[PDB]
K.L.:
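Submitted below is the structure of interest, expressed as structure tokens.
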Amino acid sequence: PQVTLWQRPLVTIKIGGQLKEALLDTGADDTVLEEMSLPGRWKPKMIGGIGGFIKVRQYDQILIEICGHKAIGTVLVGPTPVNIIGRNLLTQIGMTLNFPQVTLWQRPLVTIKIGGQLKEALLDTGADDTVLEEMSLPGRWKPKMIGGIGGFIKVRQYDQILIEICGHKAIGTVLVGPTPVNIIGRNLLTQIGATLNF
């Protein structure tokens, strides 16, 4: 199955006897699921994301079926706004990122050039938007707030911004704010024909 990114890459997952929809997030190291009844022993833990940090329970050796493919791994249950399938599980179902082909055993970082500066960014299929760390950018912007795992952050919106991603050019909206890492969302990934194969 091959997935384009014009729409959030949602899939069906069966976990703990229950059926849920979850987002294939190349930008997440871990898999985070909304609060749900899970049998077993857990361990308190915290994870970071945009907007802040959240407290979650960690369950190891959990079985999960993603689009028919079974997989066993660590699962984090917590106050997430969306069920997220991170790289720990994506690699188990042979998930690849084709735009070159990128495996997910390592965070999918690529180099981008924007505003005459070179930076590294994370290819995030789980993000609708592209949010970059504070930086000198010409043009006029507009205030805006986006949400993430730990909450909402205030960012400056710039439209019609040229970006060269791993070689290819693309023009689109870029949000600039307090992000822990530069994020390339679906509004640009689609422009460089990035597909998700597994």
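Heads up: numbering here begins at 1 and tracks the sequence. We use all heavy atoms of the structure for the numbers below, so side chains are in, but hydrogens, waters and symmetry mates are not.
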K.L.:
Report the distance from atom CZ of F152 to atom CE of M145, rounding to the nearest 0.5 Å.
P.N.:
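If we round to the nearest 0.5 Å, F152:CZ and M145:CE are 8.5 Å apart.
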
K.L.:
Donor-acceptor check, side chain of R156 to backbone of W141, threshold 3.5 angstrom: yes or no?
P.N.:
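No: the side chain of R156 does not pair with the backbone of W141.
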
K.L.:
Taking side-chain contact (heavy atoms from CB on, under 4.5 Å) as the criterion, tell me which of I165, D124, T26 meets it with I184.
P.N.:
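It is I165, the one option of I165, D124, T26 that forms the side-chain contact (heavy atoms from CB on, under 4.5 Å) with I184.
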
K.L.:
Taking ILVMFWY side chains as joined if any heavy atoms are under 4.5 angstrom apart, and letting links pass through other members, which residues group with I153?
P.N.:
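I153 clusters with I50, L109, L122, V131, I146, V155, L175, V181, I183.
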
K.L.:
Nearest 0.5 Å, please: how far is CG in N98 from OG1 in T195?
P.N.:
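Taking OG1 in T195 and CG in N98, the distance rounds to 4.5 Å.
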
K.L.:
Looking only at heavy atoms, which two atoms of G185 and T130 are closest? And how far apart?
P.N.:
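Heavy-atom minimum between the residues: N-OG1, 3.0 Å.
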
K.L.:
Report yes if the side chains of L132 and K119 come closer than 4.5 Å at any heavy-atom pair, otherwise no.
P.N.:
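Counting from C-beta outward, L132 and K119 never come under 4.5 Å.
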
K.L.:
When you compare the side chain of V102 with that of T96, does any pair of heavy atoms fall below 4.5 Å?
P.N.:
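They are not in contact (no side-chain heavy atoms under 4.5 Å apart), so the answer is no.
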
K.L.:
Please give me the minimum heavy-atom distance between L137 and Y158, naming the atom from each residue.
P.N.:
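In terms of heavy atoms, the two residues are closest at O-CE2, 3.6 Å.
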
K.L.:
Looking at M36, I want to see if its CE is surrounded by more than 12 non-hydrogen atoms of other residues, nucleotides or ligands under 6.0 Å.
P.N.:
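Count over threshold, so yes.
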
K.L.:
Name the one of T103, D30, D29 that satisfies side chain to side chain donor-acceptor pair (under 3.5 Å) with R87?
P.N.:
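Between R87 and the candidates, side chain to side chain donor-acceptor pair (under 3.5 Å) is satisfied uniquely by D29.
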
K.L.:
Could you report the tightest heavy-atom contact between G49 and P180, atom names first, then the distance?
P.N.:
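Looking at all heavy atoms of both residues, the shortest contact is O-CG, 4.3 Å.
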
K.L.:
Any side-chain to backbone donor/acceptor pair from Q92 onto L90? Under 3.5 Å, distance only.
P.N.:
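A pair under 3.5 Å: no.
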
K.L.:
Report yes or no: do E120 and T111 form a side-chain donor-acceptor pair below 3.5 Å?
P.N.:
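Side chains of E120 and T111: no pair found under 3.5 Å.
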
K.L.:
Counting only heavy atoms not in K154, do more than 12 fall under 6.0 Å of its NZ?
P.N.:
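Yes.
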
K.L.:
When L5 is tested against each of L24, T190, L188 for side-chain contact (heavy atoms from CB on, under 4.5 Å), which residue passes?
P.N.:
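The single option meeting the side-chain contact (heavy atoms from CB on, under 4.5 Å) with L5 is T190.
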
K.L.:
Please answer whether the main-chain N or O of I171 pairs with a side-chain N or O of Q191 as donor and acceptor at a distance below 3.5 Å.
P.N.:
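Side chain of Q191 to backbone of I171, a donor-acceptor pair under 3.5 Å: yes, one is there.
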
K.L.:
Should we say atom CD of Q160 is surrounded by more than 12 heavy atoms from elsewhere, each under 6.0 Å from it?
P.N.:
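It does not: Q160 CD has 12 such atoms or fewer within range.
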
K.L.:
Quick one: side chain to side chain donor-acceptor pair (under 3.5 Å) pairs with a partner in residues 162-182, sequence neighbours left out?
P.N.:
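Residue pairs passing side chain to side chain donor-acceptor pair (under 3.5 Å), neighbours aside: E133-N182, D159-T173.
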
K.L.:
Does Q106 have more than 12 heavy atoms from other residues, nucleotides or ligands lying within 6.0 Å of its CD?
P.N.:
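Open.
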
K.L.:
Would you name the heavy atoms of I93 and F198 that are closest together and state the gap between them?
P.N.:
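Taking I93 first and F198 second, the nearest heavy atoms are O-CB, 3.6 Å.
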
